[PDB]
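Accompanying notes for the structure given below.
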Amino acid sequence: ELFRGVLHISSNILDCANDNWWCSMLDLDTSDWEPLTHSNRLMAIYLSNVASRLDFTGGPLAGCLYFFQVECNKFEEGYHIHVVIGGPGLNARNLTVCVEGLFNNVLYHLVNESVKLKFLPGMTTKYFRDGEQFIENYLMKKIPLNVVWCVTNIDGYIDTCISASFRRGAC
Ligand SMILES: [Mg+2]
């Protein structure tokens, strides 16, 4: 059972990038993707950093399954990361605080200014618990560069997630 939520990243945050963010030496398997523009790569770096820090985290985030997808905002500048996550120790009472701590320690290493991300959970007018079906019915049916990047540790999606052709098949 996997939770669902969104974090918005305004374009002003990209302006504050320091040398640890820009000079990342990551390889990024784009064998089945579109050429990722510089800022697209900055967001791919950020997403890989957050997944990396999450894979060996402790506390409530240890042993959790995650699926993060960063996309460009449809009508404005900026990006938004669709966050689907669930794991032992993870409940509705700590989801927001855990996600904000995780994402901000990574962002802090890569920025010159004091920034904070606000997590917005899927909820009716009760936290949503359809994350696996949210991944299947919506997040995975986007084709780049509508979706900019994606990271996951869920068996099955570990590779079928950064493959443009597989995303193009559901279309
Ligand atoms: Mg979206």
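Please note that chains go A, B, ... in the order of the structure tokens, that every chain numbers its residues from 1, and that ligands are numbered from 1 in the order shown.
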So that I can see what lies close to residue 93 in chain A, please list as a list in words the residues with an atom at most 12 Å from it, counting only C-alpha atoms and leaving out residues fewer than 3 positions away in the same chain.
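Close residues of residue 93 in chain A: residues 3, 60, 89, 90, 96, 97, 98, 99, 121, 126 and 127 of chain A.
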File of the preceding selection, C-alpha atoms, as a compact mmCIF listing (two decimals), in the first residue's frame:
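Wrote it out as part_2.txt, contents follow:
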```
# COMPACT_ATOMS: atom_id res chain seq x y z
CA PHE A 3 0.85 6.81 -0.57
CA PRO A 60 10.89 5.27 9.10
CA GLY A 89 7.02 2.52 9.58
CA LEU A 90 5.37 4.92 7.13
CA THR A 96 4.80 14.78 5.05
CA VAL A 97 7.56 15.34 7.62
CA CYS A 98 9.56 12.37 6.31
CA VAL A 99 9.28 13.43 2.66
CA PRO A 121 -0.64 14.74 -0.09
CA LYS A 126 -8.10 11.25 4.42
CA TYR A 127 -4.78 10.36 2.81
```
Sorted by chain and rising residue number, which residues of chain A lie within 9 Å of ligand 1, and what are their closest atom pairs and distances in Å to one decimal, counting only C-alpha atoms and all ligand atoms, as a Markdown table?
```
| residue | atom | partner | partner_atom_place_in_ligand_line | distance |
| --- | --- | --- | --- | --- |
| A:6 | CA | ligand 1 | 1 (Mg) | 8.4 |
| A:69 | CA | ligand 1 | 1 (Mg) | 8.6 |
| A:70 | CA | ligand 1 | 1 (Mg) | 8.2 |
| A:71 | CA | ligand 1 | 1 (Mg) | 6.5 |
| A:72 | CA | ligand 1 | 1 (Mg) | 8.0 |
| A:73 | CA | ligand 1 | 1 (Mg) | 7.4 |
| A:74 | CA | ligand 1 | 1 (Mg) | 7.9 |
| A:80 | CA | ligand 1 | 1 (Mg) | 6.9 |
| A:81 | CA | ligand 1 | 1 (Mg) | 7.6 |
| A:82 | CA | ligand 1 | 1 (Mg) | 6.6 |
| A:138 | CA | ligand 1 | 1 (Mg) | 8.8 |
| A:139 | CA | ligand 1 | 1 (Mg) | 7.8 |
| A:146 | CA | ligand 1 | 1 (Mg) | 8.7 |
| A:147 | CA | ligand 1 | 1 (Mg) | 8.1 |
```
Those residues with N, CA, C and O atoms, as a PDB file, in the first residue's frame please?
```pdb
ATOM      1  N   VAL A   6       2.542  15.281  -3.993  1.00  0.00           N
ATOM      2  CA  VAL A   6       3.234  16.105  -4.980  1.00  0.00           C
ATOM      3  C   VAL A   6       4.091  17.133  -4.250  1.00  0.00           C
ATOM      4  O   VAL A   6       3.693  17.666  -3.209  1.00  0.00           O
ATOM      5  N   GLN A  69       8.667  10.937  -9.938  1.00  0.00           N
ATOM      6  CA  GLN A  69       8.604  11.339 -11.343  1.00  0.00           C
ATOM      7  C   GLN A  69       8.592  12.862 -11.393  1.00  0.00           C
ATOM      8  O   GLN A  69       7.613  13.485 -10.981  1.00  0.00           O
ATOM      9  N   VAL A  70       9.653  13.470 -11.927  1.00  0.00           N
ATOM     10  CA  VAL A  70       9.700  14.921 -12.109  1.00  0.00           C
ATOM     11  C   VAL A  70       9.248  15.310 -13.513  1.00  0.00           C
ATOM     12  O   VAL A  70       9.721  14.736 -14.507  1.00  0.00           O
ATOM     13  N   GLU A  71       8.325  16.285 -13.593  1.00  0.00           N
ATOM     14  CA  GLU A  71       7.782  16.765 -14.860  1.00  0.00           C
ATOM     15  C   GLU A  71       7.769  18.293 -14.881  1.00  0.00           C
ATOM     16  O   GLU A  71       7.757  18.950 -13.837  1.00  0.00           O
ATOM     17  N   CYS A  72       7.762  18.857 -16.092  1.00  0.00           N
ATOM     18  CA  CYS A  72       7.569  20.293 -16.271  1.00  0.00           C
ATOM     19  C   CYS A  72       6.123  20.681 -15.980  1.00  0.00           C
ATOM     20  O   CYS A  72       5.189  19.955 -16.333  1.00  0.00           O
ATOM     21  N   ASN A  73       5.932  21.833 -15.335  1.00  0.00           N
ATOM     22  CA  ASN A  73       4.579  22.358 -15.164  1.00  0.00           C
ATOM     23  C   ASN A  73       3.910  22.670 -16.499  1.00  0.00           C
ATOM     24  O   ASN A  73       4.509  23.282 -17.390  1.00  0.00           O
ATOM     25  N   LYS A  74       2.649  22.246 -16.625  1.00  0.00           N
ATOM     26  CA  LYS A  74       1.972  22.259 -17.920  1.00  0.00           C
ATOM     27  C   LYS A  74       1.697  23.678 -18.415  1.00  0.00           C
ATOM     28  O   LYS A  74       1.791  23.947 -19.619  1.00  0.00           O
ATOM     29  N   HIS A  80       7.265  19.894 -11.132  1.00  0.00           N
ATOM     30  CA  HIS A  80       6.639  19.246  -9.993  1.00  0.00           C
ATOM     31  C   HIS A  80       6.991  17.767 -10.000  1.00  0.00           C
ATOM     32  O   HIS A  80       7.073  17.138 -11.062  1.00  0.00           O
ATOM     33  N   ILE A  81       7.259  17.242  -8.810  1.00  0.00           N
ATOM     34  CA  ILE A  81       7.647  15.855  -8.620  1.00  0.00           C
ATOM     35  C   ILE A  81       6.452  15.119  -8.042  1.00  0.00           C
ATOM     36  O   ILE A  81       5.970  15.458  -6.948  1.00  0.00           O
ATOM     37  N   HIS A  82       5.960  14.133  -8.788  1.00  0.00           N
ATOM     38  CA  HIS A  82       4.953  13.216  -8.286  1.00  0.00           C
ATOM     39  C   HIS A  82       5.667  12.164  -7.451  1.00  0.00           C
ATOM     40  O   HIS A  82       6.582  11.491  -7.944  1.00  0.00           O
ATOM     41  N   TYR A 138      -1.538   6.286 -14.457  1.00  0.00           N
ATOM     42  CA  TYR A 138      -1.292   7.688 -14.774  1.00  0.00           C
ATOM     43  C   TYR A 138       0.185   7.995 -14.997  1.00  0.00           C
ATOM     44  O   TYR A 138       0.565   8.466 -16.075  1.00  0.00           O
ATOM     45  N   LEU A 139       1.024   7.751 -13.989  1.00  0.00           N
ATOM     46  CA  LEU A 139       2.412   8.201 -14.062  1.00  0.00           C
ATOM     47  C   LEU A 139       3.179   7.500 -15.178  1.00  0.00           C
ATOM     48  O   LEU A 139       3.951   8.136 -15.904  1.00  0.00           O
ATOM     49  N   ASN A 146       7.178  15.171 -21.668  1.00  0.00           N
ATOM     50  CA  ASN A 146       6.137  15.500 -20.698  1.00  0.00           C
ATOM     51  C   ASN A 146       6.556  15.107 -19.286  1.00  0.00           C
ATOM     52  O   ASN A 146       6.535  15.930 -18.363  1.00  0.00           O
ATOM     53  N   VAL A 147       6.943  13.850 -19.104  1.00  0.00           N
ATOM     54  CA  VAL A 147       7.746  13.438 -17.957  1.00  0.00           C
ATOM     55  C   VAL A 147       9.217  13.711 -18.236  1.00  0.00           C
ATOM     56  O   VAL A 147       9.751  13.321 -19.282  1.00  0.00           O
TER      57      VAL A 147
END
```
Option closest in space to residue 163 in chain A, from A:46, A:79, A:67, A:33 [counting only C-alpha atoms]
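Under the stated criterion, the closest residue is A:33.
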Please identify the helix (DSSP H, G or I) residues within range 16-131 of chain A (assignment by DSSP from backbone atoms) and present them as a short mmCIF file (atom, residue, chain, number, x, y, z; two decimals) with N, CA, C and O atoms, in the first residue's frame.
```cif
data_model
loop_
_atom_site.label_atom_id
_atom_site.label_comp_id
_atom_site.auth_asym_id
_atom_site.auth_seq_id
_atom_site.Cartn_x
_atom_site.Cartn_y
_atom_site.Cartn_z
N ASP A 19 28.07 24.35 -7.05
CA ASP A 19 28.92 23.49 -7.87
C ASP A 19 28.66 22.02 -7.65
O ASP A 19 28.92 21.21 -8.54
N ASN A 20 28.14 21.63 -6.48
CA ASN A 20 27.84 20.22 -6.28
C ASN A 20 26.67 19.77 -7.15
O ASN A 20 26.65 18.63 -7.63
N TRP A 21 25.68 20.65 -7.37
CA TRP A 21 24.59 20.31 -8.28
C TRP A 21 24.99 20.32 -9.75
O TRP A 21 24.68 19.38 -10.49
N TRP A 22 25.69 21.37 -10.20
CA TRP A 22 25.96 21.45 -11.63
C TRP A 22 27.01 20.44 -12.09
O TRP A 22 26.81 19.75 -13.09
N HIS A 38 19.92 20.85 -20.23
CA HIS A 38 20.59 21.14 -18.96
C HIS A 38 19.69 21.13 -17.72
O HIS A 38 20.00 20.43 -16.76
N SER A 39 18.62 21.93 -17.69
CA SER A 39 17.85 21.96 -16.44
C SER A 39 17.11 20.64 -16.24
O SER A 39 16.87 20.23 -15.09
N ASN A 40 16.78 19.96 -17.33
CA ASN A 40 16.20 18.63 -17.26
C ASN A 40 17.17 17.68 -16.58
O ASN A 40 16.79 16.86 -15.74
N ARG A 41 18.46 17.82 -16.92
CA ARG A 41 19.51 17.04 -16.28
C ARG A 41 19.68 17.44 -14.82
O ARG A 41 19.97 16.58 -13.98
N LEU A 42 19.58 18.73 -14.50
CA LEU A 42 19.66 19.15 -13.10
C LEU A 42 18.58 18.45 -12.28
O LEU A 42 18.85 17.96 -11.18
N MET A 43 17.37 18.36 -12.83
CA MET A 43 16.30 17.68 -12.10
C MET A 43 16.51 16.17 -12.06
O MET A 43 16.20 15.53 -11.06
N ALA A 44 17.09 15.59 -13.12
CA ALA A 44 17.43 14.17 -13.10
C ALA A 44 18.50 13.87 -12.05
O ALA A 44 18.42 12.86 -11.34
N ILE A 45 19.49 14.75 -11.94
CA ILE A 45 20.51 14.64 -10.91
C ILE A 45 19.87 14.69 -9.53
O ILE A 45 20.18 13.88 -8.65
N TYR A 46 19.00 15.68 -9.31
CA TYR A 46 18.35 15.81 -8.01
C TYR A 46 17.56 14.55 -7.66
O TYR A 46 17.63 14.05 -6.53
N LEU A 47 16.79 14.03 -8.62
CA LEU A 47 16.00 12.82 -8.39
C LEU A 47 16.88 11.60 -8.11
O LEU A 47 16.57 10.81 -7.20
N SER A 48 18.00 11.46 -8.82
CA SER A 48 18.90 10.35 -8.52
C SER A 48 19.56 10.52 -7.17
O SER A 48 19.78 9.53 -6.46
N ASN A 49 19.87 11.75 -6.78
CA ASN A 49 20.45 12.00 -5.46
C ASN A 49 19.47 11.61 -4.37
O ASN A 49 19.85 11.00 -3.36
N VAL A 50 18.20 11.96 -4.55
CA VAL A 50 17.21 11.67 -3.51
C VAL A 50 17.00 10.17 -3.42
O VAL A 50 16.91 9.61 -2.32
N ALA A 51 16.98 9.48 -4.56
CA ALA A 51 16.83 8.03 -4.50
C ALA A 51 18.04 7.39 -3.84
O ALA A 51 17.91 6.44 -3.05
N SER A 52 19.24 7.89 -4.16
CA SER A 52 20.47 7.36 -3.59
C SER A 52 20.46 7.50 -2.07
O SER A 52 20.74 6.54 -1.34
N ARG A 53 20.13 8.70 -1.58
CA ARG A 53 20.06 8.91 -0.13
C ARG A 53 18.95 8.09 0.50
O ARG A 53 19.03 7.76 1.69
N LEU A 54 17.91 7.75 -0.27
CA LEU A 54 16.80 7.01 0.32
C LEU A 54 17.11 5.52 0.43
O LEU A 54 16.67 4.87 1.39
N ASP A 55 17.85 4.97 -0.54
CA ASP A 55 18.16 3.54 -0.55
C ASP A 55 18.93 3.08 0.67
O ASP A 55 18.80 1.91 1.08
N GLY A 59 15.62 4.65 10.01
CA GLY A 59 14.40 5.19 10.56
C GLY A 59 13.19 4.79 9.74
O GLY A 59 13.18 3.76 9.06
N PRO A 60 12.14 5.61 9.80
CA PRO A 60 10.89 5.27 9.10
C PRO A 60 11.04 5.07 7.60
O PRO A 60 10.20 4.41 6.99
N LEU A 61 12.08 5.63 6.98
CA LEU A 61 12.25 5.52 5.54
C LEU A 61 13.02 4.27 5.11
O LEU A 61 13.12 4.01 3.90
N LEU A 95 4.13 11.00 7.03
CA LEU A 95 4.48 11.02 5.61
C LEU A 95 5.07 12.36 5.19
O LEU A 95 6.16 12.42 4.59
N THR A 96 4.37 13.46 5.48
CA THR A 96 4.80 14.78 5.05
C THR A 96 6.15 15.17 5.65
O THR A 96 7.04 15.66 4.95
N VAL A 97 6.33 14.94 6.96
CA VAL A 97 7.56 15.34 7.62
C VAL A 97 8.74 14.51 7.11
O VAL A 97 9.84 15.04 6.89
N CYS A 98 8.50 13.24 6.81
CA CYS A 98 9.56 12.37 6.31
C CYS A 98 9.97 12.78 4.90
O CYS A 98 11.17 12.90 4.60
N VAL A 99 8.99 13.04 4.04
CA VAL A 99 9.28 13.43 2.66
C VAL A 99 9.99 14.77 2.62
O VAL A 99 10.95 14.96 1.87
N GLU A 100 9.55 15.72 3.46
CA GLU A 100 10.19 17.03 3.46
C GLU A 100 11.62 16.96 3.98
O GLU A 100 12.52 17.57 3.39
N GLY A 101 11.87 16.17 5.03
CA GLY A 101 13.25 16.03 5.50
C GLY A 101 14.14 15.39 4.45
O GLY A 101 15.25 15.89 4.16
N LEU A 102 13.65 14.32 3.81
CA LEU A 102 14.44 13.59 2.83
C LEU A 102 14.80 14.49 1.66
O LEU A 102 15.97 14.60 1.28
N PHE A 103 13.80 15.15 1.08
CA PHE A 103 14.03 15.98 -0.10
C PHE A 103 14.86 17.21 0.24
O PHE A 103 15.69 17.64 -0.57
N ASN A 104 14.71 17.77 1.45
CA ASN A 104 15.44 19.00 1.71
C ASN A 104 16.91 18.74 2.02
O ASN A 104 17.75 19.57 1.67
N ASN A 105 17.28 17.66 2.73
CA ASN A 105 18.72 17.45 2.90
C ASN A 105 19.44 17.29 1.57
O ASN A 105 20.57 17.75 1.41
N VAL A 106 18.80 16.65 0.59
CA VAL A 106 19.44 16.56 -0.71
C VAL A 106 19.50 17.93 -1.35
O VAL A 106 20.52 18.32 -1.92
N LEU A 107 18.40 18.69 -1.28
CA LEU A 107 18.41 19.98 -1.98
C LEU A 107 19.43 20.94 -1.35
O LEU A 107 20.10 21.69 -2.07
N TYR A 108 19.57 20.89 -0.02
CA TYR A 108 20.51 21.74 0.70
C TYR A 108 21.94 21.58 0.21
O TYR A 108 22.71 22.55 0.17
N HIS A 109 22.33 20.36 -0.16
CA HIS A 109 23.70 20.14 -0.61
C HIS A 109 23.96 20.82 -1.94
O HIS A 109 25.12 21.03 -2.30
N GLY A 131 -1.55 4.21 -4.43
CA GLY A 131 -0.34 4.62 -5.12
C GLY A 131 0.10 3.68 -6.23
O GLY A 131 0.58 4.13 -7.27
#
```
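Going from CA of residue 65 in chain A to CA of residue 36 in chain A covers 25.9 Å.
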Can you list, as a ChimeraX atom specification, all residues belonging to chain A that DSSP tags as strand (DSSP E)?
/A:3-9,65-72,79-86,119-121,147-152
Would you export the selected residues with C-alpha atoms as a CSV table (one decimal), in the first residue's frame, please?
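The resulting again-v2.csv:
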```csv
chain,number,residue,atom,x,y,z
A,3,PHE,CA,0.9,6.8,-0.6
A,4,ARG,CA,0.6,9.6,-3.2
A,5,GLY,CA,1.6,13.2,-3.1
A,6,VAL,CA,3.2,16.1,-5.0
A,7,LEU,CA,6.1,18.6,-4.4
A,8,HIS,CA,6.4,21.7,-6.5
A,9,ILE,CA,9.8,23.1,-7.4
A,65,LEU,CA,9.3,1.5,-1.8
A,66,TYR,CA,9.3,4.7,-3.8
A,67,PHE,CA,8.6,6.0,-7.3
A,68,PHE,CA,9.4,9.6,-8.0
A,69,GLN,CA,8.6,11.3,-11.3
A,70,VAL,CA,9.7,14.9,-12.1
A,71,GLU,CA,7.8,16.8,-14.9
A,72,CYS,CA,7.6,20.3,-16.3
A,79,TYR,CA,8.5,21.6,-12.3
A,80,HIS,CA,6.6,19.2,-10.0
A,81,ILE,CA,7.6,15.9,-8.6
A,82,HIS,CA,5.0,13.2,-8.3
A,83,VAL,CA,5.9,11.2,-5.2
A,84,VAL,CA,4.6,7.7,-4.6
A,85,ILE,CA,6.0,6.0,-1.5
A,86,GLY,CA,5.1,3.4,1.2
A,119,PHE,CA,4.6,18.4,0.4
A,120,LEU,CA,1.0,18.2,-0.7
A,121,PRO,CA,-0.6,14.7,-0.1
A,147,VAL,CA,7.7,13.4,-18.0
A,148,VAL,CA,11.3,14.7,-17.5
A,149,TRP,CA,12.8,12.1,-15.3
A,150,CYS,CA,11.9,9.2,-13.0
A,151,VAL,CA,13.5,7.0,-10.2
A,152,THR,CA,12.3,3.9,-8.4
```
What is the distance, in Å and to one decimal place, between CA of residue 10 in chain A and CA of residue 162 in chain A?
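Going from CA of residue 10 in chain A over to CA of residue 162 in chain A, I get 23.3 Å.
Atom pair CA of residue 91 in chain A / CA of residue 123 in chain A has a distance of 13.8 Å (rounded to one decimal).
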Between A:161, A:111, A:13, A:26, single out the one closest to residue 135 in chain A, counting only C-alpha atoms.
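Closest candidate: A:161.
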